Amino acid sequence: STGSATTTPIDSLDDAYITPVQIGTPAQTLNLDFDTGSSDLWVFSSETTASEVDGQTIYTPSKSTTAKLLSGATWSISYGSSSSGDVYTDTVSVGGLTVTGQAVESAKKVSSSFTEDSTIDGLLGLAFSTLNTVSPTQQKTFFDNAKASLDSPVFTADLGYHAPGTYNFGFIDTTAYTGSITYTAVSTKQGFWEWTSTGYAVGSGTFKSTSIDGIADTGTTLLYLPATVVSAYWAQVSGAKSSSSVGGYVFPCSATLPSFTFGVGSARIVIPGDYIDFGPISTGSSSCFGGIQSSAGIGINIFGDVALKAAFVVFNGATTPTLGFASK
Ligand SMILES: N=C(N)c1ccc(C(F)(F)F)cc1
C-alpha cells in the first residue's frame, strides 16, 4: 500500500504545516501537525476541557463505530507547551493509507499555545515509537503500524516554502526532486531521526567541513545549530544581533539575507535567504526574526522546517533506518 497527502502551511510564515487525517467511522477529518520529532498521535476531542478549545475541529469517539477505549491508558507530553489525556484505538487514514487499531490519544487538557492556535487540531508523531508517552502500555506511531503493509518501509517529507507540499508513505516520488538522493546514517538511540551533517557554508562562502549532529524534525519551525555556526551566519547580515529580550537573533527587515548551505555526505542542500526570514518581531516592527537560531541550551541541534523545506527528505524505516536528502 501507499498514501499521499498534501501538507499546507498554517500561516504566511510557514510556522507549521497541517495535513488532513481521517479518524473513525464515519470519517472525522482533523488537520494534524506531522511531527518527525515526537511519537504521539493526539487530538483535540469531545473530552477536551471546553475552555481550552477555541476553533479547533474535535474528534468525538462516541460518534465513531470503530472507536474503542484503550482501558487504563493515559498520555502526557511536553514540547513550554503540553497536553494530556486518555486513549482510544480507531481507524486512521492518511492520503488513502489506512491503519486499523491506531492509538488515538484524546486530549483532556492542552496548554494555552495549543488553544490559541485554531489551525492545528492535534499532532501526528513520526519519530520512533520508543518516544511514545502512552502509559502503562506504550503505543506505536502511525508509520510503525503501517510499515509492514507499505510497498517500501519509508515516508517522505516535501515541505513547501510559502506553499503546500506533500507527505508520501510507502514510495519515493522520483519526479519530486532533482539530481540524486544522498542517504546518511541515523542513530535511533534518542528516539529521533538523528543524523550528522558534514558541514555548512554561508552565502557564497567556502564550505566548512565539520560534523553537526542533529535531528530531522518537521515539527520544529526553525533551524537550530551550534552558536559558532549561527554567529558566522548572522555576521554576514548588517545590523543583525542576538537579542535576549526577543529571544534570539533579529535583523533589520530591510536586509537581503544570504543563503545557508548544509552538507549531507558529499552533497549540499542550499537554503535560500528568503527561507530564513520570519518577519517582524511584532506587528509593524522593522526588526525581523531570524530563521537560524542557536541550539545552545536545547541540548541538540534541530534541522527543522527551515532546513527541511529546502529538500526532498526520505525517512527510511528499514531495519537499519537512514535519512535521504535531495535538492528540488
Ligand atoms: N518536534 C518535537 N516534538 C521536539 C520537541 C522537543 C525537542 C527537544 F527538546 F529535544 F529539543 C525536540 C523535538
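Residues displayed in chain A correspond, in order, to Swiss-Prot positions 90-168, 171-419.
Recorded method for this deposit: X-ray crystallography, 1.1 Å.
Note that Cβ sites are derived from N, Cα and C of the backbone, with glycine treated the same way.
Listed in Swiss-Prot:
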{"type": "ACT_SITE", "residues": "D124", "note": "active site"}
{"type": "ACT_SITE", "residues": "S288", "note": "active site"}
{"type": "DISULFID", "residues": "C344-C379", "note": "disulfide bond"}
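Recorded residues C379 (disulfide bond) and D124 (active site) have their alpha carbons 26 Å apart, per Cα-Cα distance. You'll find the Cα of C344 (disulfide bond) roughly 30 Å from the Cα of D124 (active site). In this structure, the recorded positions that sit close to ligand 1, with a C-beta under 6 angstroms from any of its atoms, are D124, chosen from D124, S288, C379. Spatially close to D124 (active site) yet at least six residues away along the chain are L214, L215, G216, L217, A218, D308, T309, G310, judged by Cβ distances under 8 angstroms. Between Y168 and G171, the deposited structure omits 2 residues, and the straight-line distance between their CA atoms comes to 6 Å.
Other C-beta atoms found within 10 angstroms of the C-beta of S288 (active site) number 22, with every protein chain shown included.
The most crowded of the disulfide-bonded residues listed here (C344, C379) is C379, judged by how many other CB atoms sit within 10 Å of its own CB.
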